[PDB]
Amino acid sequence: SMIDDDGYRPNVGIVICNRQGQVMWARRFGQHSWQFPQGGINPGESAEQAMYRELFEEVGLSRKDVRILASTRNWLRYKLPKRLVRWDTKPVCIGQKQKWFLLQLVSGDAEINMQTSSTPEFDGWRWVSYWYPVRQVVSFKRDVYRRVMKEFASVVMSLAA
């Protein structure tokens, strides 16, 4: 996605839950750091379209495999640690502004395929407890994750009853 006037790239994030209130947790490709799926919003994409493209390209799933249960309204932003800022572009990107989606997986676990890209976002995934991501994502994304998971909590725990 294109860097905006303030240095932020527009992006979407995806929290995928099951009926037991667990959420899909994925290992960043070639790292031991885990996160939710996130991807850029291209010009002429809506947030929801960009979400479904991320879902297909990095999780292998269709609209028909999920249902949308909630979404955040306005951007939430994180800034990159200055060490990880890439200076090989103009304008330089300092972080992301993100819109988030809560999806329920309704197809079988085996429909998820994280290996279809030549450069996958992830090595693979596992189910984790709902709040585990807030404490386990890389530090500079924790403020965003805490806000997202708090906003989505009302909907997920009702399913887990």
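All residue numbers are counted from 1 along the displayed sequence. Basically, rigid core = biggest C-alpha set you can superpose within 1.5 Å across the two forms.
Q) After fitting on the rigid core, which stretch moves more in 4 other deposited structures of this protein, 56-64 or 111-119, going by C-alpha RMS? A) With the rigid core fitted, 111-119 is the stretch that strays more in 4 other deposited structures of this protein.
Q: Please establish whether a third or more of the other compared PDB entries omit coordinates for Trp87.
A: In at least a third of the other entries, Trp87 has no coordinates.
**Q.** Higher-scoring stretch by recorded Cα B factor average, 8-16 or 138-146
**A.** On average, C-alpha B-factors are higher across 138-146.
Q: Between 91-99 and 106-114, name whichever shows the higher mean Cα B factor according to the PDB entry.
A: Mean C-alpha B-factor is greater for 91-99.
Q.
Considering every modelled residue of the chain and its Cα B-factor in the PDB entry, is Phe36 in the lowest, middle or highest third?
A. Lowest third.
Q: Tell me, lowest, middle or highest third: where does the Cα B factor of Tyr130 rank within its chain?
A: Top third by C-alpha B-factor.
Q: Going by the recorded CA B-factors, say which third of the chain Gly124 sits in, lowest, middle or highest.
A: Bottom third by C-alpha B-factor.
Q: Divide the modelled residues of the chain into thirds by Cα B-factor and specify which third, lowest, middle or highest, holds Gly44.
A: Top third by C-alpha B-factor.
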